[PDB]
Ligand SMILES: COc1cc2ncnc(Nc3cc(NC(=O)c4ccnc(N5CCOCC5)c4)ccc3C)c2cc1OCCN1CCCC1
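In our numbering, the protein residues as written are 58 to 391.
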């Protein structure tokens with residue numbers, strides 16, 4: 058039970074172990090505030106997030122428990138991982154604040170831009186490697202986009218969720234609930250990201266859900282008979298057939314002058330039918346990534362138990378489950 062010190066910044070009490078020194082605000086919003094800090098135990102530079110009113114409602118409490126469970130399980134080089142979690146509460150009774158600690162990321166993908174073909178290969182490779190890992194434990198990101206990707210000076214990437222319109226990167230089946238989905242909603246997003254790096258521009262910059270679909274269908278074409286057969290909703294089916302029939306464009310006439318193996322991968326990623334879309338694992342083995350792919354260093358995750366998600370609990374039960382998870386936390390080795 059280490060020594061805590063208090064201090065105020067951004068109009069909020071921070072109460073942290075002495076281990077963590079020199080705190081400096083880096084951004085706050087509805088969900089939590091974040092500080093950079095020096096970690097006197099590893100000489101490393103870290104980021105500390107104070108959750109905003111984590112047990113105010115049933116939604117907040119369950120969400121707080123979800124983030125903590127998730128970060129405790131993720132142990133992979135291309136995925137954010139949990140260095141430490143603490144509370145200044147001595148007991149469950151007085152337990153009201155949660156703090157999460159991770160490696161301090163510098164600049165996101167949004168900030169670091171066009172760019173070389175070798176750079177795109179390496180950046181997209183690392184995202185897929187990280188996606189193979191989380192998808193293997195049935196975890197879906199759902200909000201993959203450049204501002205959720207951290208990239209340091211070595212060009213090393215990590216997937217995270219700081220919590221660019223999201224809709225610009227969203228799979229059309231999730232955006233509209235028009236057809237069932239799987240893990241490959243995130244594969245759609247990656248294709249939108251890769252295109253952007255290849256050409257310097259947002260691929261599909263829609264101004265609402267309808268305009269977004271319009272732009273997308275302009276590129277991939279209206280759904281064929283095969284895909285139209287699996288659209289569950291009657292409304293959605295009508296809309297689509299009531300549109301004016303757009304053809305599939307030739308991707309080489311769109312990504313003009315780009316590396317042909319990347320044009321090919323883009324075509325396997327940006328397919329409308331989600332039964333046909335390439336997975337993370339299959340995509341690691343494509344010829345675009347020949348210089349990086351090693352099937353013996355692209356690991357999968359331990360089984361992840363997410364049954365809690367179907368439960369309807371009271372606030373005090375989620376709060377108590379969170380506290381347990383704080384107490385059983387064992388740090389990762391140096
Ligand atoms: C310099 O600005 C920084 C740096 C940071 N470094 C490290 N961590 C953080 N933020 C952070 C995030 C989290 N949680 C998650 O990342 C999270 C939650 C849920 N799910 C995931 N997954 C889903 C599947 O894939 C794995 C990821 C991740 C926990 C603790 C911390 C500390 C930051 C934050 C940061 O700045 C934030 C504000 N800033 C203002 C300028 C732009 C953004």
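Backbone N, C-alpha and C fix where the C-beta goes; we use that ideal spot for every residue, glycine too.
For residue 183, the uninterrupted alpha helix (DSSP H) run begins and ends at 174-193, by DSSP. Under the three-state reduction of DSSP, residue 102 is assigned to strand. Straight-line measurement puts the Cα of residue 153 at about 45 Å from the Cα of residue 352. Taking the C-beta atoms as reference points, residue 217 is found nearer than 8 Å to residue 162. Between residue 261 and residue 273, the gap from beta carbon to beta carbon is short of 8 Å.
Residue 117 is not bridged by DSSP to any residue. Under the three-state reduction of DSSP, residue 314 is assigned to coil, being neither helix nor strand. DSSP places residue 84 inside the beta strand (DSSP E), whose first and last residues are 77-86. The distance from the Cβ of residue 360 to that of residue 190 is about 13 Å, inconsistent with a contact at the 8 Å cut-off. Counted as a single uninterrupted DSSP element, the alpha helix (DSSP H) harbouring residue 254 occupies residues 242-256. With a 10 Å radius around the Cβ and a threshold of 16 neighbouring Cβ atoms, residue 212 comes out exposed. Looking from the CA of residue 166, the closest CA among 345, 79 and 257 belongs to 257. For the pair residue 247 and residue 185, the CB atoms are nearer than the 8 Å cut-off.
Comparing alpha carbon positions, the residue from 316, 173 and 84 closest to residue 67 is 84.
In the three-state scheme derived from DSSP, where H, G and I count as helix and E and B as strand, residue 351 is classed as coil. In this structure residue 242 is in contact with residue 231, their Cβ atoms being roughly 5 Å apart against a cut-off of 8 Å. The stretch 88-106 makes contact with the stretch 58-77, as at least three CB pairs between them are under 8 Å. Annotation: the continuous alpha helix (DSSP H) that includes residue 268 extends over 266-277. Comparing alpha carbon positions, the residue from 61, 116, 236 and 227 closest to residue 327 is 227.
Between ligand 1 and the CB of residue 358, the shortest heavy atom gap is not smaller than 7 Å. Residue 237 counts as exposed, since fewer than 16 other beta carbons sit within 10 angstroms of its beta carbon. Considering only 225, 210, 193 and 194, the residue with the shortest C-alpha distance to residue 203 is 225.
For residue 158, the enclosing beta strand (DSSP E) has its first and last residue at 156-160. Per the C-alpha coordinates, the member of 380, 132 and 337 positioned closest to residue 390 is 132. Residue 107 sits in a strand when the DSSP states are folded into three classes. DSSP places residue 169 outside both helix and strand once states are collapsed to three, so it counts as coil. Ranking 100, 126 and 384 by CA distance to the CA of residue 364 puts 126 first.
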